[PDB]
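Scope of the values below: all heavy atoms of this structure, side chains included, with no hydrogens, waters or symmetry mates. The residues of the chain are indexed from 1 along the displayed sequence.
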Amino acid sequence: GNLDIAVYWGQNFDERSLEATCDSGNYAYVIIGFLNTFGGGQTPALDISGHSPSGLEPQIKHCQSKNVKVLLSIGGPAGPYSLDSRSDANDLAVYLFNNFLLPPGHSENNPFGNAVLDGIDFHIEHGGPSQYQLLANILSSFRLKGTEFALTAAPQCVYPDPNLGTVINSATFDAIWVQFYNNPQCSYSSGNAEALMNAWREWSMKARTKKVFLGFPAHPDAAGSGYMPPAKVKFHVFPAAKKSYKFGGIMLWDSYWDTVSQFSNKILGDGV
């Protein structure tokens, strides 16, 4: 009926703006990616495909005024990020908290100005579990201190996830969006959704989170494999998945490609 869609934004310089993405009306969550440099003596850096970080301040406020939640994603598909020591975890938890999850005051100084984000998304694609449990414990502590925000995760579709499975088992994530793409063991391929349905059954039964979202590519070009057309998604997936207490909705990789394909418009029946 009413379907929640989460979308990644920030992956191309020429993409539809953050504010226009929120104005579409298609999305419950917009995830800005990525804080992709941290750890191992590096200072943190954003790679958001050349968008001005300060120029996002008023766009995030606008999104929030339309009841879209805006999250920052850490890690990403690529980047020199690692979290091997306990000191890295602490340092990163503190940086994220001051600079993104709390209002200013002052000397910080916030990459997105005075915006305060609605949560942090763990999109950890390499480095094993490392100290990511400790990072989640600390952030989760801050959540219990009155500063309210979401913690989400984007594991790959093989259960348990090699990077995050350990952290997911702690039940700390409010939601997770499993990437049902780029891996033929657990995503749609060759007119065959059996591998997908099986992975989905496993994730919806075992993952310790209240909401599980299905992550699909928005266009055949958006991923190496796993593209599944909207009509097939509605027909094949929805009836079974809506039978799960944990069914959260779908996640789309990504806003740039969804602008081209109109995948979310087809899934929703032309929603504005």
Side-chain angles (χ1 to χ4, degrees), residues 4-11 15-24 26-38 43-49 51-76 79 81 83 89-124 132 135-154 167 172-177 209 211 213 248-249 251-252 254-255:
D4 285 353
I5 301 176
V7 70
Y8 279 91
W9 184 95
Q11 292 66 62
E15 71 189 305
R16 174 183 60 186
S17 67
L18 182 57
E19 78 183 25
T21 292
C22 294
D23 286 344
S24 77
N26 290 178
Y27 314 117
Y29 304 81
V30 180
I31 314 162
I32 299 168
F34 292 96
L35 190 79
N36 83 333
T37 304
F38 53 86
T43 210
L46 290 172
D47 179 348
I48 54 176
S49 304
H51 299 292
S52 166
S54 293
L56 293 183
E57 174 176 7
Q59 301 196 62
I60 296 167
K61 293 182 181 157
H62 181 69
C63 289
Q64 290 166 330
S65 77
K66 301 209 95 190
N67 308 290
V68 186
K69 315 285 225 35
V70 193
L71 317 177
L72 174 68
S73 191
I74 67 175
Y81 60 85
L83 213 72
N90 177 52
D91 293 343
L92 187 60
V94 166
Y95 172 83
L96 293 172
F97 193 53
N98 290 207
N99 288 290
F100 301 98
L101 301 171
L102 287 174
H106 192 248
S107 134
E108 260 120 51
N109 196 299
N110 301 206
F112 300 145
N114 294 346
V116 353
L117 305 187
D118 301 297
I120 303 294
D121 174 68
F122 283 48
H123 191 115
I124 303 312
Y132 291 109
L135 174 66
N137 287 349
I138 297 167
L139 288 173
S140 174
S141 190
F142 296 147
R143 187 159 61 166
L144 293 163
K145 289 153 76 261
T147 150
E148 191 47 30
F149 58 86
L151 294 171
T152 64
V167 190
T172 193
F173 298 116
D174 305 297
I176 79 182
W177 10 81
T209 184
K211 301 303 185 199
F213 287 67
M251 178 274 280
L252 295 173
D254 50 29
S255 182

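Taking the six-membered ring for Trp and the full ring otherwise, the centers of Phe122 and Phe173 sit less than 6.0 Å from each other. Taking the ring centroids of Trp177 and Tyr29, they lie under the 6.0 Å cut-off. Remark: aromatic rings of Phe34 and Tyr8 are close, center separation under 6.0 Å.
Qualifying salt bridge (charged side-chain N to carboxylate O under 4.0 Å, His left out) partners for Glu19, counting only residues two or more places apart in sequence or in other chains: none.
Looking at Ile124, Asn36, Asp121, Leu83 one by one, the single match for side-chain contact (heavy atoms from CB on, under 4.5 Å) with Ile74 turns out to be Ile124.
Residues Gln64 and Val70 come closest through the heavy atom pair CG-CG2, 4.3 Å. Considering all non-hydrogen atoms of both residues, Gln59 and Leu18 come closest at OE1-N, 3.3 Å. Residues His51 and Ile48 approach most closely at CD2-O, 2.9 Å, considering heavy atoms. Nearest heavy-atom pair, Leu135 versus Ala89, reported as atom, atom and distance to 0.1 Å: CD1-O, 3.5 Å. Closest approach of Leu35 to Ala45, counting heavy atoms only: CD1-O, 3.4 Å. Residues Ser24 and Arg16 come closest through the heavy atom pair CB-NH1, 4.3 Å.
Using a 4.5 Å cut-off on side-chain heavy atoms (C-beta onward), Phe97 and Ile138 make no contact.
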Check your understanding: Can you check side-chain contact (heavy atoms from CB on, under 4.5 Å) on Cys22 and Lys66, steps first, answer last?
Key -> CA-CA 8 Å; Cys22 294; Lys66 301 209 95 190; 5.5 Å; no
Check your understanding: Hey, mind stepping through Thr37 and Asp47 against side-chain contact (heavy atoms from CB on, under 4.5 Å) and telling me if it holds?
Key -> CA-CA 8 Å; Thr37 304; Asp47 179 348; over 6 Å; no
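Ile120 CD1 to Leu96 CG: the interatomic distance, rounded to the nearest 0.5 Å, is 4.5 Å. Between the OG atom of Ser52 and the CD atom of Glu57 there is a distance of 10.5 Å, given to the nearest 0.5 Å. Put simply, OG on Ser73 and NE2 on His123 are 6.0 Å apart, with the number rounded to the nearest 0.5 Å. Atom-to-atom distance recorded for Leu102:CG and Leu117:CG is 11.0 Å, nearest 0.5 angstrom. Annotation: the span from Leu72 atom CG to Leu46 atom CG amounts to 6.5 Å, rounded to 0.5 Å. Between the CD atom in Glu108 and the CZ atom in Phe100 there is a gap of 10.5 Å [rounded to 0.5 Å].
Looking at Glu15, its side chain does come within 3.5 Å of a backbone N or O of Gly10 through a donor-acceptor pair.
Sorted by first then second residue, the side chain to side chain donor-acceptor pair (under 3.5 Å) pairs that include residues 137-151, not counting sequence neighbours, are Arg143-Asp174.
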